[PDB]
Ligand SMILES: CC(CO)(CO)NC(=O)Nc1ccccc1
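Shown next as structure tokens: one chain only, the form solved without this ligand.
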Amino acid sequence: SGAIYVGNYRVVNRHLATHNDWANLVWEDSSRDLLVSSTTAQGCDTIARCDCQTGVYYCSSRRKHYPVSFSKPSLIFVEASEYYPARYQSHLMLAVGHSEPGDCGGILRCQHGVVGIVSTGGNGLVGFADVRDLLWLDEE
């Protein structure tokens, strides 16, 4: 689990979005595993606006933050896990690291702020859904 709180926006994994998220929906994209819902309270997080390929991510299944190198956001074949069927995913960044299902939503951060959230695991690569292209998160 985990979310990004920026302005009056809550950014979650689409697959973990609650009924309330869907009932307060701003934007969702199944190809990116992202859903954004509206918030009453303004949020504390800054989104990175950068092309960084190094950062640190939170891995709940280890209660640890790990420094990683990650690929630039792209369209990736996410292999079937114990939990979820195989599917293609856009705006996904990969690193070598550990991931479990409950790790989805863990933040990946660089010097500029939040880069993305853990979205894909179970087969040796940790995938992060990029948010840095979502400039609109920093306005309205």
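C-alpha atoms forming the largest set that superposes within 1.5 Å between two forms make up the rigid core. Residues carry their position along the shown sequence, with the first being 1.
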_Using only C-alpha atoms and the B-factors in the entry, which stretch averages higher, 22 to 30 or 106 to 114?_
22 to 30
*Do the CA atoms of 124 to 132 or those of 5 to 13 have the higher mean B-factor in the entry?*
5 to 13
*Which third of the chain does residue 99 land in by C-alpha B-factor: lowest, middle or highest?*
highest
*Comparing against every modelled residue in the chain, figure out the third that the C-alpha B-factor of residue 75 lands in (lowest, middle or highest).*
highest
_Third assignment of residue 43 from its chain's C-alpha B-factors_ = highest
*Third of the chain, ranked by Cα B-factor, where residue 54 sits*: lowest
*Could you tell me which third, lowest, middle or highest, the C-alpha B-factor of residue 62 occupies within its chain?*
lowest
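The form solved in complex with this ligand exists for this protein as well; it is not shown, and the discussion that follows is about that form.
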*Using heavy atoms and a 4.5 Å limit, would one call residue 111 a contact residue for this ligand in the deposited bound form?*
yes
*Spell out, yes or no, whether the shortest heavy atom distance between residue 65 and this ligand in the deposited bound form is within 4.5 Å.*
yes
*Out of 56 to 72, which residues reach within 4.5 Å of this ligand in the deposited bound form, heavy atoms considered?*
56, 57, 58, 65
*Which listed residue, 56, 50, 80, 96, is the one whose CA shifts 2 angstroms or more between the shown form and the other one with the rigid core aligned?*
80
*asked:* Closer or farther: the C-alpha atoms of residue 83 and residue 12 in the deposited bound form, versus the form shown, with a change of 3 angstroms or more?
replied: closer
*Have a look at residue 83 and residue 33: in the deposited bound form, are their Cα atoms closer together or farther apart than in this form, given the change is 3 Å or more?*
closer
